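Okay, so here's the structure we're looking at.
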Amino acid sequence: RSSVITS
Amino acid sequence: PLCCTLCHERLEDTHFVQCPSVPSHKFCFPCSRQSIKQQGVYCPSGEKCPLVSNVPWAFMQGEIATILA
Ligand SMILES: [Zn+2]
Ligand SMILES: [Zn+2]
Ligand SMILES: [Zn+2]
């Protein structure tokens, strides 16, 4: 799953 | 919309937490930190949103540590 932390 | 759905601070130049299911569930790091410390941790919206299935998503321990720093 991809991190929920984004930029 | 690129701002926190709790405190409504813009998120255009920084990092944030993005709910994997609900796109409008964006949260700044301070708001995510407040939900983690209070929960123990599902979606800071409180709607216990699920994964991309039906099981609700939760922060991984490494994500929690990143937010607390
Ligand atoms: Zn916020
Ligand atoms: Zn807003
Ligand atoms: Zn959510």
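For the structure tokens, the naming scheme is as follows: chains receive sequential letters (A, B, ...) according to their order of presentation, residues are indexed from 1 within each chain, and ligands are indexed from 1 in presentation order.
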>> Taking only C-alpha atoms and all ligand atoms and a cut-off of 8 Å, can you tell me which residues surround ligand 2, written as a list in words?
In response: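 Using only C-alpha atoms and all ligand atoms, I find these residues within 8 Å of ligand 2: residues 1, 2, 3, 4, 5, 6, 7, 8, 9 and 10 of chain B.
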>> Neighbouring residues of residue 4 in chain A were defined as those with any atom within 10 Å, considering only C-alpha atoms; residues of the same chain fewer than 5 positions away were excluded. Please report them as a PyMOL selection string.
In response: chain B and resi 16-20+26+57-60+63
>> I need the residue nearest chain A from this list: B:69, B:43, B:36, B:55. Use only C-alpha atoms for the distance.
In response: B:43
> Which of these residues is nearest to ligand 3, using only C-alpha atoms and all ligand atoms: B:65, B:11, B:21, B:51?
Replying inline: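 Of B:65, B:11, B:21, B:51, the one nearest ligand 3, counting only C-alpha atoms and all ligand atoms, is B:21.
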Within 7 Å of chain B, which residues of chain A show up when using only C-alpha atoms, listed as a PDB file with C-alpha atoms, in the first residue's frame?
ATOM      1  CA  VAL A   4      -0.768   8.355   3.226  1.00  0.00           C
ATOM      2  CA  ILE A   5       2.000  10.945   3.646  1.00  0.00           C
ATOM      3  CA  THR A   6       2.080  13.027   0.438  1.00  0.00           C
ATOM      4  CA  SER A   7       3.672  16.229  -0.834  1.00  0.00           C
TER       5      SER A   7
END
